[PDB]
Amino acid sequence: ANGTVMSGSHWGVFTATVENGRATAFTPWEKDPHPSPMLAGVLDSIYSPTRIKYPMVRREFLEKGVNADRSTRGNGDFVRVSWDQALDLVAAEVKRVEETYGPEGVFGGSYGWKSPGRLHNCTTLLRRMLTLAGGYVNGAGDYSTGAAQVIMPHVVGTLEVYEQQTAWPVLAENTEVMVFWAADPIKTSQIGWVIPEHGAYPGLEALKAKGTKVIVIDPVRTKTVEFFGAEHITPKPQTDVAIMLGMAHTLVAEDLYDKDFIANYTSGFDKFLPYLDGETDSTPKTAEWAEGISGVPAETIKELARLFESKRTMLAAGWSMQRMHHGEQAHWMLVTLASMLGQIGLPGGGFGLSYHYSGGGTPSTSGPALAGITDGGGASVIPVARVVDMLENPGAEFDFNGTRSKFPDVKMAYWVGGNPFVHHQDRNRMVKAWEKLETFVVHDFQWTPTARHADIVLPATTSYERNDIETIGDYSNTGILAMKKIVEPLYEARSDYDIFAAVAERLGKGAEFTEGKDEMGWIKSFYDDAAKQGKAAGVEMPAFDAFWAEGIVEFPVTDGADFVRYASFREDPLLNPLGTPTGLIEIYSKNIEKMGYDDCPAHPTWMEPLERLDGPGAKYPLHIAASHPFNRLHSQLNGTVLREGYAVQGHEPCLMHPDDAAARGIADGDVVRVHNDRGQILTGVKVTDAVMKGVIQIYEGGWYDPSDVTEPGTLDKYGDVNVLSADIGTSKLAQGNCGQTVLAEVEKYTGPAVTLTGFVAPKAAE
Ligand SMILES: NC1=NC(=O)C2=N[C@H]3C(S)=C(S)[C@@H](COP(=O)(O)OP(=O)(O)OC[C@H]4O[C@@H](n5cnc6c(=O)[nH]c(N)nc65)[C@H](O)[C@@H]4O)O[C@H]3NC2=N1
Ligand SMILES: NC1=NC(=O)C2=N[C@H]3C(S)=C(S)[C@@H](COP(=O)(O)OP(=O)(O)OC[C@H]4O[C@@H](n5cnc6c(=O)[nH]c(N)nc65)[C@H](O)[C@@H]4O)O[C@H]3NC2=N1
């Protein structure tokens, strides 16, 4: 092959140059307003040294099965086998666990970002196969908004976090003050769950062009601060709820708040006020009290409050601040403050929880929705971040949103499209708990830490080696794209669909899994359903072969540019109620009161977390801002040429303030040891005043590279920040992860020299 083909990914729509059957360049779509620089690593990931070539079986597992020594998982001692031998083995283990232990013995949650595509959806295909096998245990919720997605339904009656926002053009005309609270939209808008349209960049440009006042509340001076030249407030991490309380107190004491919005559209403020004023605990939540906890000057807190009440203000909040202990309080308190300001439902005012993710706010079109392949459908479901608790405590009870259940006794886990050996918290705890599993099977196209720890590893293909169909724009529904095959499958890789169809055949359910269709048969069935709906809806669409030839169909915008969140509620609350018990915004919740949880009271409350910067009696001195990477999508693309632009002496970078480096005798470029009571990792330092003093930045997603897998607490040589995090729930209400509640110490490294081993394939898979 020679020529150009159009396809897409989590980073955008692109055109590939193909020279003699090798892809040589990926060029952005000409209609993409702001392409991501990561595209070059996407191309590289097809061919890099960590591409998985053949099916492999861990030697100890091949030789002894259930009696293998499970403490050597991760050491790289693999044996190459034929596909027929691998598929027979996988089918035999699925059958054995289902027959001996039941559906409760198989964990199939398989959390992960995978790749877009309606047919080649590896995690849905995994559940489709396991359902035909007898069943499995599944996961509930996600690692992004684990706390916020449970508390919003109790407060505003809807999910809220993954719903369309007041449109960007409406903000440009009406907003006077734009606040980015714990959000860095310049960094996080580069990717989409489905294909991204990068709709936030023109939206942010328009705010800057109109001269709107922008305020950023974040411990790091990010690209969003720089882009706008914004006013920047730097709180100590995990203290945002205290600042919010101090603002609320100020509005009450100066008699500025909207008493009519409070009286007519909310419920429970009378129960919250005594707490705010200090009647219940002798502690008035003043701006001065708030300064003592957060470090932000009391006069600044009062001035911000006054400004927000007197101008049309939009509170745009990100999700880092609820990915922490007691994380439910942050967005519950933000909605309470927004109710006191009284602008919810007005054009350009109120709050928004998705302006930093997947285009939220880009005007929606009138096109039809596209559907894909389905899954065919102790506890049968657990909160996703309780996976290690589950393995350590089979049969024990756990609390979750008002209900009590028991953990299932799992013996096998099957993971595709995810990297738990990078994404889950407390790596050393996790490594020890994984010994409880008899069998661990993984599919991926790259040799991640998760692939290196499996018993059986099967090489998948990338999206660039097959055909598929997907929507452009999670919220905008801009159009539908043909994700055309670019190169033939490499080495001995197969799509997840083909792997699962062959396992299903072996369990005698081959026809139920494929439904008699092939790749193009399935894709046309999804496209005809969307074209039929479109017709009902008056939206014209071509026939499938003609759509495939063009490669894309775009839809028209009708009234999408005028959408204003909460306008009909504001217009008449009795006629357009919220989904809560009272029909109003619940500041005090009687349902949460009845649950009786000590770590989630019935109104927003300041509570001390497990550990925080400058907390009374804190052991470690620095907070780690363990946030999302600028030049990776989580762990994706770490094993590519992009690593060279950011690694420091080959390690993952650590940003540190000049005063904190000087006290430790550390210089820019030094290799350092970052440690606490849970673990120890190596990173390379970059000295900068971009991080506030007392905070260090190490992004999540680095590929864990242990020195010796049989040594408890072994040093990670590359820089996986989850070796340092604690694995606990946000509270009994949501049970979300706390991946950003982390303190540690840093010292110059003085041990033996080290050789990095995570970016080349295991010797036997070469
Ligand atoms: N380039 C890129 N890479 C990705 O991996 C990526 N992941 C996607 C995913 S799945 C999601 S879930 C979203 C995540 O979007 P999310 O809002 O959770 O992003 P983070 O990078 O964890 O945090 C954003 C900001 O919060 C600041 N921050 C941290 N702690 C605090 C605090 O206590 N208080 C305050 N006020 N600020 C704090 C950080 O410094 C950071 O600038 O991004 C998505 N987009 C992504 N883009
Ligand atoms: N400390 C900390 N702070 C955080 O802010 C934080 N963020 C959390 C969040 S919000 C999330 S969403 C998780 C992300 O954790 P997640 O496991 O989703 O991360 P990825 O690096 O996207 O792993 C995706 C894997 O799927 C593989 N893959 C892609 N396409 C295919 C395919 O078609 N077939 C197969 N078989 N494999 C494929 C990729 O190669 C990659 O290895 O991290 C969480 N972890 C976090 N920890």
# chains A, B, ... in the order shown; residues from 1 in each chain; ligands from 1
>>> residues_near_ligand(ligand="ligand 2", cutoff="6 Å", atoms="only C-alpha atoms and all ligand atoms", output="PyMOL selection string")
chain A and resi 112-115+122+143-144+416-420+423-424+443-446+460+462+496+626-628+633-636+700+722+739-740
>>> residues_around(residues="region 656-670 of chain A", least_positions_apart="2", cutoff="6 Å", atoms="only C-alpha atoms", output="number ranges by chain")
A: 684-689, 691, 693, 696
>>> residues_near_ligand(ligand="ligand 1", cutoff="6 Å", atoms="only C-alpha atoms and all ligand atoms", output="PyMOL selection string")
chain A and resi 144+181-184+187-191+217-220+237-238+240+318-321+357+625+627-634
>>> write_last_selection(atoms="N, CA and C atoms", output="PDB file, in the first residue's frame")
ATOM      1  N   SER A 144     -12.727   8.567  37.747  1.00  0.00           N
ATOM      2  CA  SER A 144     -12.769   9.985  37.440  1.00  0.00           C
ATOM      3  C   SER A 144     -13.620  10.860  38.348  1.00  0.00           C
ATOM      4  N   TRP A 181     -12.024  26.223  38.755  1.00  0.00           N
ATOM      5  CA  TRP A 181     -11.754  25.740  40.113  1.00  0.00           C
ATOM      6  C   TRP A 181     -11.269  24.295  40.047  1.00  0.00           C
ATOM      7  N   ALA A 182      -9.950  24.085  40.298  1.00  0.00           N
ATOM      8  CA  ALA A 182      -9.383  22.756  40.185  1.00  0.00           C
ATOM      9  C   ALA A 182      -9.531  22.147  38.795  1.00  0.00           C
ATOM     10  N   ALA A 183      -9.331  22.961  37.748  1.00  0.00           N
ATOM     11  CA  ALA A 183      -9.483  22.541  36.378  1.00  0.00           C
ATOM     12  C   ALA A 183      -8.396  23.160  35.489  1.00  0.00           C
ATOM     13  N   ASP A 184      -7.869  22.361  34.582  1.00  0.00           N
ATOM     14  CA  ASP A 184      -6.855  22.856  33.622  1.00  0.00           C
ATOM     15  C   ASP A 184      -7.336  22.444  32.249  1.00  0.00           C
ATOM     16  N   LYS A 187      -4.839  21.719  29.235  1.00  0.00           N
ATOM     17  CA  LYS A 187      -4.257  20.385  29.282  1.00  0.00           C
ATOM     18  C   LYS A 187      -5.229  19.244  28.981  1.00  0.00           C
ATOM     19  N   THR A 188      -6.375  19.197  29.653  1.00  0.00           N
ATOM     20  CA  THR A 188      -7.271  18.030  29.564  1.00  0.00           C
ATOM     21  C   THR A 188      -8.250  17.968  28.421  1.00  0.00           C
ATOM     22  N   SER A 189      -8.369  19.042  27.623  1.00  0.00           N
ATOM     23  CA  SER A 189      -9.280  18.991  26.486  1.00  0.00           C
ATOM     24  C   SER A 189      -8.665  18.358  25.250  1.00  0.00           C
ATOM     25  N   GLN A 190      -7.419  17.881  25.294  1.00  0.00           N
ATOM     26  CA  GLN A 190      -6.777  17.279  24.118  1.00  0.00           C
ATOM     27  C   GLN A 190      -7.403  15.948  23.707  1.00  0.00           C
ATOM     28  N   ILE A 191      -8.032  15.255  24.641  1.00  0.00           N
ATOM     29  CA  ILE A 191      -8.577  13.923  24.287  1.00  0.00           C
ATOM     30  C   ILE A 191     -10.083  13.834  24.448  1.00  0.00           C
ATOM     31  N   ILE A 217      -8.056  28.705  40.337  1.00  0.00           N
ATOM     32  CA  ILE A 217      -7.764  28.251  41.697  1.00  0.00           C
ATOM     33  C   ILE A 217      -7.112  26.874  41.592  1.00  0.00           C
ATOM     34  N   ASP A 218      -5.781  26.818  41.704  1.00  0.00           N
ATOM     35  CA  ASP A 218      -4.988  25.605  41.483  1.00  0.00           C
ATOM     36  C   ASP A 218      -3.617  25.773  42.120  1.00  0.00           C
ATOM     37  N   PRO A 219      -3.051  24.754  42.764  1.00  0.00           N
ATOM     38  CA  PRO A 219      -1.734  24.823  43.386  1.00  0.00           C
ATOM     39  C   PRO A 219      -0.571  24.972  42.424  1.00  0.00           C
ATOM     40  N   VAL A 220      -0.720  24.697  41.130  1.00  0.00           N
ATOM     41  CA  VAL A 220       0.266  24.781  40.091  1.00  0.00           C
ATOM     42  C   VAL A 220      -0.080  25.891  39.094  1.00  0.00           C
ATOM     43  N   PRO A 237      -3.294  21.985  48.734  1.00  0.00           N
ATOM     44  CA  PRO A 237      -4.154  20.914  48.282  1.00  0.00           C
ATOM     45  C   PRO A 237      -4.969  20.292  49.402  1.00  0.00           C
ATOM     46  N   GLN A 238      -6.207  19.911  49.128  1.00  0.00           N
ATOM     47  CA  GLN A 238      -7.219  19.313  49.966  1.00  0.00           C
ATOM     48  C   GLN A 238      -7.894  20.317  50.903  1.00  0.00           C
ATOM     49  N   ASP A 240      -9.854  23.121  49.630  1.00  0.00           N
ATOM     50  CA  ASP A 240     -10.860  23.922  48.919  1.00  0.00           C
ATOM     51  C   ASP A 240     -12.189  24.086  49.631  1.00  0.00           C
ATOM     52  N   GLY A 318     -13.188  21.280  38.133  1.00  0.00           N
ATOM     53  CA  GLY A 318     -12.586  20.043  37.650  1.00  0.00           C
ATOM     54  C   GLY A 318     -12.738  18.949  38.718  1.00  0.00           C
ATOM     55  N   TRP A 319     -12.127  17.797  38.433  1.00  0.00           N
ATOM     56  CA  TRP A 319     -12.382  16.614  39.267  1.00  0.00           C
ATOM     57  C   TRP A 319     -11.280  16.145  40.197  1.00  0.00           C
ATOM     58  N   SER A 320     -10.091  16.743  40.158  1.00  0.00           N
ATOM     59  CA  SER A 320      -9.015  16.374  41.082  1.00  0.00           C
ATOM     60  C   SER A 320      -9.396  16.471  42.549  1.00  0.00           C
ATOM     61  N   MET A 321     -10.098  17.549  42.925  1.00  0.00           N
ATOM     62  CA  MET A 321     -10.522  17.796  44.292  1.00  0.00           C
ATOM     63  C   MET A 321     -11.572  16.834  44.828  1.00  0.00           C
ATOM     64  N   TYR A 357     -13.648  18.576  30.028  1.00  0.00           N
ATOM     65  CA  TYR A 357     -13.596  17.172  29.581  1.00  0.00           C
ATOM     66  C   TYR A 357     -14.429  16.923  28.353  1.00  0.00           C
ATOM     67  N   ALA A 625       1.085  16.409  43.799  1.00  0.00           N
ATOM     68  CA  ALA A 625      -0.045  16.658  42.898  1.00  0.00           C
ATOM     69  C   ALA A 625       0.020  15.571  41.825  1.00  0.00           C
ATOM     70  N   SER A 627      -1.528  14.280  39.271  1.00  0.00           N
ATOM     71  CA  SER A 627      -2.519  14.620  38.278  1.00  0.00           C
ATOM     72  C   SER A 627      -2.316  14.092  36.881  1.00  0.00           C
ATOM     73  N   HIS A 628      -3.227  14.427  35.944  1.00  0.00           N
ATOM     74  CA  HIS A 628      -3.197  13.764  34.628  1.00  0.00           C
ATOM     75  C   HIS A 628      -2.080  14.316  33.755  1.00  0.00           C
ATOM     76  N   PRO A 629      -1.381  13.431  33.059  1.00  0.00           N
ATOM     77  CA  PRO A 629      -0.218  13.827  32.258  1.00  0.00           C
ATOM     78  C   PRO A 629      -0.552  14.733  31.079  1.00  0.00           C
ATOM     79  N   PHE A 630       0.350  15.669  30.762  1.00  0.00           N
ATOM     80  CA  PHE A 630       0.167  16.572  29.624  1.00  0.00           C
ATOM     81  C   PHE A 630       0.466  15.877  28.308  1.00  0.00           C
ATOM     82  N   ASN A 631       1.482  15.001  28.270  1.00  0.00           N
ATOM     83  CA  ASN A 631       1.931  14.320  27.081  1.00  0.00           C
ATOM     84  C   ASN A 631       1.791  12.800  27.048  1.00  0.00           C
ATOM     85  N   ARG A 632       0.819  12.265  27.756  1.00  0.00           N
ATOM     86  CA  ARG A 632       0.379  10.887  27.699  1.00  0.00           C
ATOM     87  C   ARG A 632      -1.151  10.936  27.860  1.00  0.00           C
ATOM     88  N   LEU A 633      -1.848   9.856  27.554  1.00  0.00           N
ATOM     89  CA  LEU A 633      -3.234   9.702  27.975  1.00  0.00           C
ATOM     90  C   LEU A 633      -3.066   8.611  29.071  1.00  0.00           C
ATOM     91  N   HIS A 634      -3.014   8.997  30.345  1.00  0.00           N
ATOM     92  CA  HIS A 634      -2.715   8.057  31.451  1.00  0.00           C
ATOM     93  C   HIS A 634      -1.364   7.362  31.196  1.00  0.00           C
TER      94      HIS A 634
END
>>> select_by_dssp(residues="region 552-740 of chain A", states="helix (DSSP H, G or I)", output="list in words")
residues 560, 561, 562, 567, 568, 569, 570, 571, 590, 591, 592, 593, 594, 595, 641, 642, 643, 644, 645, 658, 659, 660, 661, 662, 663, 721, 722 and 723 of chain A
>>> residues_around(residues="region 426-433 of chain A", least_positions_apart="4", cutoff="9 Å", atoms="only C-alpha atoms", output="PyMOL selection string")
chain A and resi 71+73+388-389+391-392+421-422+437+678-679+704+709+712-714+720+722-727
>>> write_last_selection(atoms="N, CA and C atoms", output="compact mmCIF listing (two decimals), in the first residue's frame")
# COMPACT_ATOMS: atom_id res chain seq x y z
N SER A 71 4.55 -15.60 43.42
CA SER A 71 5.32 -14.46 43.88
C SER A 71 6.27 -13.95 42.82
N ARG A 73 5.35 -13.43 39.59
CA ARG A 73 4.65 -12.72 38.51
C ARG A 73 5.34 -11.37 38.33
N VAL A 388 -8.91 -4.34 45.31
CA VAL A 388 -7.93 -4.99 46.19
C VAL A 388 -8.54 -5.35 47.54
N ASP A 389 -9.44 -4.49 48.09
CA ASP A 389 -10.15 -4.85 49.32
C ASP A 389 -10.88 -6.19 49.12
N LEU A 391 -10.23 -8.72 47.05
CA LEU A 391 -9.29 -9.82 47.04
C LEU A 391 -8.76 -10.15 48.43
N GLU A 392 -8.52 -9.16 49.28
CA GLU A 392 -8.06 -9.46 50.63
C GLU A 392 -9.16 -9.97 51.55
N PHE A 421 -1.98 -2.20 36.95
CA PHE A 421 -0.65 -2.16 37.54
C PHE A 421 -0.02 -0.78 37.35
N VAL A 422 -0.73 0.19 36.76
CA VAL A 422 -0.34 1.59 36.78
C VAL A 422 -1.47 2.44 37.40
N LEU A 437 -5.13 -14.67 43.31
CA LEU A 437 -5.68 -15.12 42.04
C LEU A 437 -5.00 -16.38 41.50
N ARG A 678 4.57 3.87 52.52
CA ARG A 678 3.98 2.88 51.65
C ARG A 678 4.94 2.40 50.56
N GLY A 679 5.91 3.20 50.14
CA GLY A 679 6.78 2.82 49.03
C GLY A 679 7.89 3.80 48.69
N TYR A 704 5.57 1.47 35.98
CA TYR A 704 6.23 0.81 37.11
C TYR A 704 7.32 -0.15 36.67
N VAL A 709 10.96 -8.23 41.77
CA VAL A 709 9.59 -8.53 42.12
C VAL A 709 9.42 -9.44 43.33
N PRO A 712 9.76 -7.46 48.92
CA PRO A 712 8.69 -6.59 49.39
C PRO A 712 9.16 -5.15 49.51
N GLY A 713 8.44 -4.19 48.93
CA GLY A 713 8.83 -2.79 49.01
C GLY A 713 9.97 -2.40 48.07
N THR A 714 10.26 -3.24 47.08
CA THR A 714 11.33 -2.98 46.13
C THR A 714 11.21 -1.60 45.50
N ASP A 720 6.33 5.48 38.91
CA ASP A 720 4.90 5.25 38.98
C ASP A 720 4.44 5.85 40.32
N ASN A 722 1.65 5.86 41.78
CA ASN A 722 0.75 5.05 42.61
C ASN A 722 1.45 4.04 43.52
N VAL A 723 2.77 4.04 43.55
CA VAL A 723 3.56 3.28 44.52
C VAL A 723 3.49 4.01 45.87
N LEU A 724 3.15 5.31 45.82
CA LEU A 724 3.06 6.15 46.99
C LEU A 724 1.67 6.46 47.52
N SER A 725 0.62 6.20 46.77
CA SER A 725 -0.74 6.49 47.21
C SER A 725 -1.32 5.44 48.15
N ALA A 726 -2.34 5.84 48.90
CA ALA A 726 -3.06 4.97 49.84
C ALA A 726 -4.33 4.47 49.15
N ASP A 727 -4.74 3.25 49.48
CA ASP A 727 -5.93 2.67 48.83
C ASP A 727 -7.06 2.64 49.85
>>> closest_residue(among="A:132, A:194, A:728, A:248", to="residue 481 (chain A)", atoms="only C-alpha atoms")
A:194
>>> residues_around(residues="region 164-175 of chain A", least_positions_apart="2", cutoff="7 Å", atoms="only C-alpha atoms", output="CSV table (one decimal) with N, CA and C atoms, in the first residue's frame")
chain,number,residue,atom,x,y,z
A,162,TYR,N,-21.6,14.2,33.6
A,162,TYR,CA,-21.4,13.9,32.2
A,162,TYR,C,-22.6,14.3,31.4
A,177,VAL,N,-17.3,37.0,34.8
A,177,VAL,CA,-16.2,36.4,35.5
A,177,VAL,C,-16.3,34.9,35.4
A,178,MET,N,-15.3,34.3,34.8
A,178,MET,CA,-15.1,32.8,34.5
A,178,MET,C,-14.1,32.3,35.5
A,203,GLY,N,-13.9,28.0,22.2
A,203,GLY,CA,-14.7,28.5,23.3
A,203,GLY,C,-13.8,29.4,24.2
A,206,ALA,N,-12.6,32.7,22.5
A,206,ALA,CA,-13.7,33.7,22.5
A,206,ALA,C,-13.8,34.5,23.8
A,207,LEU,N,-13.6,33.7,25.0
A,207,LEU,CA,-13.6,34.4,26.3
A,207,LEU,C,-12.4,35.4,26.3
A,312,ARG,N,-22.1,38.6,36.8
A,312,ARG,CA,-22.5,37.3,36.3
A,312,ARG,C,-21.3,36.3,36.2
A,313,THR,N,-21.4,35.3,37.1
A,313,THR,CA,-20.2,34.4,37.3
A,313,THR,C,-20.5,33.0,37.0
A,314,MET,N,-19.6,32.3,36.3
A,314,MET,CA,-19.7,30.9,36.1
A,314,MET,C,-18.6,30.1,36.9
A,347,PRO,N,-28.4,32.9,31.9
A,347,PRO,CA,-27.5,32.8,30.8
A,347,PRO,C,-26.1,33.2,31.3
A,348,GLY,N,-25.1,32.3,31.2
A,348,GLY,CA,-23.7,32.7,31.6
A,348,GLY,C,-23.4,32.5,33.1
A,349,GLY,N,-24.4,32.2,34.0
A,349,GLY,CA,-24.2,32.1,35.4
A,349,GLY,C,-24.4,30.7,35.9
A,352,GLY,N,-20.6,24.6,36.4
A,352,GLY,CA,-20.5,23.6,35.3
A,352,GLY,C,-19.4,22.6,35.7
A,354,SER,N,-18.3,20.0,33.5
A,354,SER,CA,-17.6,19.3,32.4
A,354,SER,C,-17.1,20.3,31.4
A,360,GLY,N,-17.4,19.4,26.6
A,360,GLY,CA,-18.6,19.9,27.3
A,360,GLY,C,-18.8,21.4,27.0
A,361,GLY,N,-20.0,21.8,26.5
A,361,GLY,CA,-20.2,23.2,26.2
A,361,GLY,C,-20.2,23.4,24.7
A,362,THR,N,-19.6,22.5,23.9
A,362,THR,CA,-19.7,22.7,22.4
A,362,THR,C,-21.1,22.4,21.9
A,363,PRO,N,-21.7,23.3,21.2
A,363,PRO,CA,-23.1,23.2,20.7
A,363,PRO,C,-23.4,21.9,20.1
A,475,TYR,N,-20.4,15.3,23.4
A,475,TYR,CA,-21.5,16.1,23.7
A,475,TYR,C,-22.0,16.8,22.4
A,561,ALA,N,-26.8,26.0,20.1
A,561,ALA,CA,-26.0,27.2,20.5
A,561,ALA,C,-26.7,28.0,21.6
A,562,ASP,N,-28.0,27.9,21.9
A,562,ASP,CA,-28.6,28.7,22.9
A,562,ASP,C,-28.9,27.9,24.2
A,563,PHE,N,-28.4,26.7,24.3
A,563,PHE,CA,-28.7,25.9,25.5
A,563,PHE,C,-28.2,26.5,26.8
A,564,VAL,N,-29.0,26.6,27.8
A,564,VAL,CA,-28.7,27.2,29.1
A,564,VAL,C,-29.1,26.1,30.2
A,565,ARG,N,-28.1,25.6,30.9
A,565,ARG,CA,-28.4,24.6,31.9
A,565,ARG,C,-29.3,25.1,33.0
>>> residues_around(residues="residue 13 (chain A)", least_positions_apart="3", cutoff="12 Å", atoms="only C-alpha atoms", output="PyMOL selection string")
chain A and resi 5-10+16+26-36+39+116+190-192+194-198+470-473+479-484+551-552
>>> write_last_selection(atoms="C-alpha atoms", output="PDB file, in the first residue's frame")
ATOM      1  CA  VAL A   5      -6.401   6.911   4.625  1.00  0.00           C
ATOM      2  CA  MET A   6      -8.558   8.856   7.157  1.00  0.00           C
ATOM      3  CA  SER A   7      -9.233   7.384  10.622  1.00  0.00           C
ATOM      4  CA  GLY A   8      -9.487   8.624  14.249  1.00  0.00           C
ATOM      5  CA  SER A   9      -8.535   7.961  17.899  1.00  0.00           C
ATOM      6  CA  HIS A  10      -8.871   9.296  21.461  1.00  0.00           C
ATOM      7  CA  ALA A  16      -2.208   8.693   7.525  1.00  0.00           C
ATOM      8  CA  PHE A  26      -0.319  11.013  10.823  1.00  0.00           C
ATOM      9  CA  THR A  27      -1.565  14.501   9.819  1.00  0.00           C
ATOM     10  CA  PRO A  28      -4.432  16.223  11.646  1.00  0.00           C
ATOM     11  CA  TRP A  29      -7.912  16.722  10.143  1.00  0.00           C
ATOM     12  CA  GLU A  30      -8.051  20.110   8.388  1.00  0.00           C
ATOM     13  CA  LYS A  31     -11.255  20.993  10.299  1.00  0.00           C
ATOM     14  CA  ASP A  32      -9.695  20.299  13.736  1.00  0.00           C
ATOM     15  CA  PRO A  33      -9.293  23.704  15.409  1.00  0.00           C
ATOM     16  CA  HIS A  34      -6.472  22.597  17.738  1.00  0.00           C
ATOM     17  CA  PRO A  35      -4.744  19.247  17.174  1.00  0.00           C
ATOM     18  CA  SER A  36      -2.735  17.440  19.845  1.00  0.00           C
ATOM     19  CA  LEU A  39      -0.389  12.228  17.428  1.00  0.00           C
ATOM     20  CA  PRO A 116     -12.865   4.326  20.596  1.00  0.00           C
ATOM     21  CA  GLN A 190      -6.777  17.279  24.118  1.00  0.00           C
ATOM     22  CA  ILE A 191      -8.577  13.923  24.287  1.00  0.00           C
ATOM     23  CA  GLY A 192     -12.134  12.544  24.059  1.00  0.00           C
ATOM     24  CA  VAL A 194     -15.273   9.020  21.609  1.00  0.00           C
ATOM     25  CA  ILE A 195     -13.380  10.981  18.893  1.00  0.00           C
ATOM     26  CA  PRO A 196     -12.764  14.552  20.125  1.00  0.00           C
ATOM     27  CA  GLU A 197     -13.694  17.696  18.136  1.00  0.00           C
ATOM     28  CA  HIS A 198     -11.496  19.902  20.383  1.00  0.00           C
ATOM     29  CA  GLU A 470     -17.557   5.987  15.805  1.00  0.00           C
ATOM     30  CA  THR A 471     -19.185   9.320  16.711  1.00  0.00           C
ATOM     31  CA  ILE A 472     -17.228  12.591  16.642  1.00  0.00           C
ATOM     32  CA  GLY A 473     -17.961  14.575  19.827  1.00  0.00           C
ATOM     33  CA  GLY A 479     -20.708  13.636  12.946  1.00  0.00           C
ATOM     34  CA  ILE A 480     -19.919   9.963  12.365  1.00  0.00           C
ATOM     35  CA  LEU A 481     -16.562   8.740  11.108  1.00  0.00           C
ATOM     36  CA  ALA A 482     -15.438   5.667   9.193  1.00  0.00           C
ATOM     37  CA  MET A 483     -12.297   4.522  11.110  1.00  0.00           C
ATOM     38  CA  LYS A 484     -10.647   2.819   8.141  1.00  0.00           C
ATOM     39  CA  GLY A 551     -15.584   8.393   5.171  1.00  0.00           C
ATOM     40  CA  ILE A 552     -17.611  10.919   7.229  1.00  0.00           C
TER      41      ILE A 552
END
>>> residues_around(residues="residue 110 (chain A)", least_positions_apart="6", cutoff="12 Å", atoms="only C-alpha atoms", output="ChimeraX atom specification")
/A:122-127,130,136-140,142,384-385,387,412-420,423,440-443,450
